[PDB]
Structures are given as C-alpha cells and as structure tokens.
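Read the structure below first, then the notes.
What follows draws every value from the coordinates through simple rules; no lab data is involved. Here Cβ is always computed from backbone atoms with ideal geometry, including for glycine, and neighbour counts include all displayed protein chains.
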Amino acid sequence: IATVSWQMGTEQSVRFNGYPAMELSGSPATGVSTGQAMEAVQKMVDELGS
Amino acid sequence: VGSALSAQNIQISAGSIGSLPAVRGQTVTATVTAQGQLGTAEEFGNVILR
C-alpha cells in the first residue's frame, strides 16, 4: 500500500520575508570596493529570470 | 463529508530512525516523510465517503 524508498532531502528550511530563501556567502577581491561587488551581484541576479 | 475530509486529509509527522536514545550500533539517521495531503481538485474527488 506504499512506495517507500530512499530519496534526497534537506533538514533545514529558512524563509526570508515570507519567501523561501537560500543563503550564499562571498568576498570581493583586492582593489574592488564593496559597492561595485554589490552592483555586480545585483546584475548577475537580474540577468536571470523572474 | 466533513469527517471524511478531515480523516483523509491530515498532516502526518512520522519522525526519524536516528532517534535521541540511540542504542549502540548506529551510524545513519534518516527523517521519514509521508505527504498525506491533497493539493489538486482531482485528488479531492476521490475521497471515500462510504
């Protein structure tokens, strides 16, 4: 009466501002300021879909 | 109809097999999920009344 089998799944669910969000870290290189890296990450996210 | 909708659509929490007593001879821990709810209108039409 069941289809029990192994699968893959996470053990931690984090939601930010009502939407489910996943965390990501990073650090800029030498010579690049923080705001240039922030707008670079903003453009890299905005190049994706909706 | 209300009893059949409340008995056949209920959240199930089974637990895990790597529980906190943890008798000796155990290396693995897996959380068990059931997903015993309905989300579409086609699945709500197959609720057994009698």
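Sequence-ordered 3J(HN,Hα) estimates for segment A:37-50 from the Karplus curve with 6.51, -1.76 and 1.60 and θ = phi - 60° stand at 5, 5, 6, 5, 5, 5, 5, 5, 6, 6, 6, 7, x, 7 Hz, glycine and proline given as x. The stretch between residue B:32 and residue B:14, if pulled fully straight at 0.36 nm per residue, gains 5.9 nm over its current Cα-Cα span. Going by a ≥ b ≥ c, the root eigenvalues of the Cα gyration tensor, does chain B fall in the rounded group (a/c under 1.5), the prolate group (a/b larger than b/c) or the oblate group? Prolate shape, in that a/c is at least 1.5 and a/b is the bigger ratio. Stretching residue A:1 away from residue A:24 to a fully extended chain increases their span by 4.2 nm, per 0.36 nm per residue minus the current alpha-carbon distance.
Here the residues B:48, A:1, B:17, ranked from fewest to most Cβ neighbours within 10 Å of their Cβ, fall in the order A:1, B:48, B:17.
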